[PDB]
Structure formats: C-alpha cells, structure tokens
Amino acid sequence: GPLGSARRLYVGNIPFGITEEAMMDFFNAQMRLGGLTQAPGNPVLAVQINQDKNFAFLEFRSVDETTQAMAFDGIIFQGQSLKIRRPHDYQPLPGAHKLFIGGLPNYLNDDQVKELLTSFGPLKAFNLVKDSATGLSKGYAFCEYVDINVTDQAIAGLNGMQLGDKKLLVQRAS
C-alpha cells in the first residue's frame, strides 16, 4: 500500500561471497562516517542476501535514515560499485513530483505533447489544459513520471528549450 516498504533498500552488484554481517557492518560504518545517521546507534537493523541473484535488501530502523542512504548509490564495496534503489513496491505519495510544462504551441494535441515527455520515461499522470467550451489547448500541461528520478532529467532536458517562437518552461508544479 501507499505507506509500505519505507524502511528498506535494494542493493545490487554486491561483492561475491559477502556475508550479511559484513554488509551490515559496512553500511552502518558508512552511515556514521558520512554523517547520515540521525541518532546514536546503528541505522541498519538487518540485511537479507540473495546469493544466487547477487542482491540484498537492507532494513533500516527509521524512515528518514532509509532516505539518506539513497545517497550511497554507486559506492564502492570490495571493488564493486553498489546499486542502491527503492523497493519496487515503494511509491512516493501522489503528486509528490508533479511537473508544470508551459510555453507549448496551442495547436498540438495531447498525444503530440506527450511524445516530447515520454522520451524521458513512462508517465503515470498527464493532462493538457484545454478551454472547456472550445476544447482548445491553453498551451500548458502537467505530468508525473512513473519513475520519479526521471523528473530532474526531464527538467534538465526540456527547461528553457527553444520550441517554435517560444522558450519552454518545465519545473516542479509545487
């Protein structure tokens, strides 16, 4: 559900043969050295390793320390660059990363506007704002990417871009 999986992280590319205790000790040490821990003690409570598919799940004692540990993505552990991700059934709340897109040509329809956006990744929400009586586009839209990490990429790739006689605006809607 909406509040599920908030204290766990997926860790991929773990070093071959590593133990759960070693992984646990490494992350707890890094949390402390890196200044990511928010109270005395160990933020990582447990590590569950799948040796066959070479991945682990970390369980944290708190929601906010789980979030902080996302910053370890790519950290090198016994020669291996670790892949750190949210669990697949973790989701931010609806609208958390809604985008505003302004400066669109009024003659473009929904699908045409969406084509520009979906080049960065799939969308879980989209609406092109139209005049209700005439059905004509007002030249701005909102969207949300399935993968929320795509949000900053769309902004970086589209914001301030030339588009016809306009300069496109793409920013977080709140």
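Counting begins at 1, following the sequence as shown.
Engineer: According to the deposited model, is the average Cα temperature factor higher in 146 to 154 or in 7 to 15?
Structural biologist: 146 to 154 has the higher mean C-alpha B-factor.
Engineer: So among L108, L58, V63, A69, who wins on Cα B-factor in the entry?
Structural biologist: Highest C-alpha B-factor among the listed residues goes to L108.
Engineer: Which third, lowest, middle or highest, does the CA B-factor of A133 fall in along this chain?
Structural biologist: It falls in the top third of the chain.
Engineer: Tell me, lowest, middle or highest third: where does the Cα B factor of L93 rank within its chain?
Structural biologist: For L93, whose C-alpha B-factor we compare with every modelled residue in the chain, the answer is the highest third.
Engineer: Can you work out whether the C-alpha temperature factor of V44 puts it in the lowest, middle or highest third of the chain?
Structural biologist: Its C-alpha B-factor, which the entry lists for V44, ranks in the lowest third among residues of this chain.
Engineer: Hey, what third does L117 fall into on Cα B-factor, ranked over its chain?
Structural biologist: It belongs to the middle third of the chain when residues are ordered by C-alpha B-factor.
Engineer: Looking at the entry's B-factor column for C-alpha atoms only, identify whether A29 ranks in the lowest, middle or highest third of its chain.
Structural biologist: Bottom third by C-alpha B-factor.
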